[PDB]
């Protein structure tokens, strides 16, 4: 349940006994009769063989188990691409900034919102109100099943 | 906007100071001239070589037609790219005051219904093509109406 | 591809730049492609990139009519799997034969085989699809990988 | 017409942006075509709702020492007054750059969109902070020498004069210019000192 | 200038920017042509005309070269009814029959 | 040129404070080379709740409550009949003086001109909790013997009369004048009407 | 205490209620004070579980 697809050609038809199908995948990358050993659960290998055929099984599973790992990478990159999806025109904005840097630390609407901004209630709050009602119920449900 | 008596401020369809698509920089004033009074002087000139009062309630809605030849412009259509006509009343002002027809205009001014071979080269014009043959006719309104 | 989806691709290109001139790093090719309805193996991409090692893989640049042809040159595709292929290909940790899969081992294959996943990549695909003993129902782990 | 809405906003828009291309001269600035009010809408913009109960009334909580028109405003004639008496500035060149946050009545019902325009107006966080936070890699920062290499060798090349002034100034903080803060010096949550 | 801009007027990949980039591209070294005073950013070009030199600025020029005289309108204008037009559009020759 | 901006800086006055209160200053800025006016900032707007959120709301909007004849100023007859419209009237003399807390035309601005500027009076309620909350030795209360003995004997002294009035009002329970409530009893969202 | 005995008495201090809670900017806060306490009482107990 690993070497499987070294022989994508040998195995078809849904599901297949474990043990046996392993001989089918193993033969398809030479894996010489004297060098691998089958018990119930464990496989055993001689010096030199296991491992260059595990390595070369990375080379020959390619076909589906590389195309397995591929689907994974897919599924993940969807979520994880981030880092360079950005800088372009903002880097050119650094240049807007820089031609004006002489006049940058030199800025109009800087700090006058936030020192008397611990002392106040009514905050984000209308954005909150609707979505606070939604938040109230949800927070209950999630605590419950934990 | 300045010589705007309340009554025709309603009748001649006046949105107010700054509440305009493209009277940019709000009201910028002018040195040694006062837009207020200048309304009357430039209302007076059209009479001499001879424009009637139908033509001049129309040249009052040629303020609405140069405000709306700030608006007969196929504002670059961000999504499809081939842009289209914002206001019917504006085209309505325009083609009647160019002696043709208002529907027949805008049709063509979006879709050139031309004809090479079999192929009735019926298609959209782009903003550049269509808001050119309709800037080339918002301002061949401003030009072939000059 | 239609101009519509290609415009979305034009953006998924445009975003990912370096010096500000229509230039995407080789590295980013497959990942952008992956989001664009594709799962192209590193081996598949490496073919259509021309076998870089890590150095010029990190250093060499794409541009849009190198990227968009690449996208296409994998996208119209050969073998790409379905449920039946992937239940066998994910019965792939059955330990006895059990209809449920090996917890450490699903992590290990992902480190040990072809397209060596980091620890990070391994854990994310697997986590919380096992039970108390760490048996994963693959019959479902399959559909999870195959749609999402 | 609706140019009336735009005369009240050739007053108030003009609040963005008609003379903005100041020392870097005479740009293609904000347009008179009405749809383009929503290009003036760029990122970094939050505007709280009308009967706010209060994130908008916090502007009353400072109101006193700012206003012009007290039935309750700050007009053209009040950033083409107040910023010269409150936050920054303007040459006829940079005139309605900053005075383009009021060429027309900041009513309380516009104080709304001036601390709105505070957390909005000039290329705010999504632009400024991210100018370098996107060159950056992660929970990071950008290298000093590499940023010198930029400023001179990348794009419209700048002078020695320009580098030296922006060198003694650059918040070099561990071999690396603290870019997020070189921009967001202008922002966070602990000051009520300037602009307003 | 005009010819590059006719082509550029009919063009999507073409920015008032790439108009001046196409002008530097095609002309450059000509003993009657000159680039901007470094203002590529504003996108402008200084030229020797018979009576010396000028700077033009290119922002929103592309459209200003286009007037694709639509015959559909020109012909409705050619056959117009009212006291205004039938006279001034009978110059039907130039118009876009192809 | 560089001047037309500076022409405009004078309409601030024409509807805020100055048309009563040159007292509350127009502060001269704008030195002609317009690089200069970046020195004119009001740096540091913080203390305890200056606009307190259940008070100064109401005051200003009680211009729309206290302007009864709806002129735009506040007359002697405004404060009066508007207090009569609630209840407890001042005599015309008491009113006259309460108007003469400003020089004459107490309009929308002069009203708030004296309203905000007066930052001083009584102590804050949280200080007033500290009043007896700092005397307790644990989390507990205050033994009544100690509050009686103190008010009469210690420092500034009351009369018997002064204590007994305070004592029928004083919430004794368990031989302990649980102080936290009496503090709220004296000064919460307190009574109307007495000013403006 | 002596202010209750004496200083409850000027013309420009004791004007706080009657028609002054009619000026609003406190409604949803009354709820979102009590709900606010429940809001952390819901957040915290969840996260910590």
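Order of writing sets the chain letters: A, B, C, D, E, F and G. Residues in each chain are counted from 1.
Heads up, the rule we're going with is that a contact is a pair of C-beta atoms (placed from the backbone, for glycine too) under 8 Å apart; a residue touches a chain by one contact, two chains touch by 3 or more.
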{"item": "Chain whose Cα centroid lies nearest the overall Cα centroid", "value": "D"}
{"item": "Most widely separated chain from subunit D, with each centre as the mean of CA atoms", "value": "C"}
{"item": "Separation of subunit F from subunit G, taking each centre as the mean of its C-alpha atoms, in whole Å", "value": "17"}
{"item": "Chain centre separation (subunit C, subunit F; CA means) in Å", "value": "67"}
{"item": "Inter-centroid spacing, subunit F versus subunit B (mean Cα positions, whole Å)", "value": "57"}
{"item": "Chain centre separation (subunit C, subunit E; CA means) in Å", "value": "49"}
{"item": "Residue list for subunit E, restricted to those that touch at least two other chains", "value": "none"}
{"item": "Of all residues in subunit D, the ones touching two or more other chains", "value": "53-54, 57, 61-62, 76, 86-89, 94, 154-156, 192-194, 196"}
{"item": "Subunit C, residues touching no fewer than two other chains", "value": "20"}
{"item": "Touching residues (chain side subunit A, partner subunit C) in the complex", "value": "1-2, 4-5, 11, 14-18, 41, 54, 57-59, 61-78, 80-81, 84-89, 91-92"}
{"item": "Subunit D partner contacts - residues on subunit B that touch it in the complex", "value": "1, 9, 12-28, 64, 67, 70-71, 73, 75"}
{"item": "Subunit D to subunit B touching residues, read off their complex", "value": "1-15, 18-19, 29-37, 76, 96, 103-104"}
{"item": "Subunit D - residues contacting subunit F, complex", "value": "54, 57, 60-65, 67-71, 73, 75-78, 80-82, 84-95, 99, 192-194, 196"}
{"item": "Subunit F residues touching subunit G - in the complex, by the definition given at the top", "value": "53-55, 57-58, 61-62, 65, 86-87, 90, 94, 97-98, 101, 118, 121-122, 151, 156, 158, 162, 165-166, 169, 186, 189-196"}
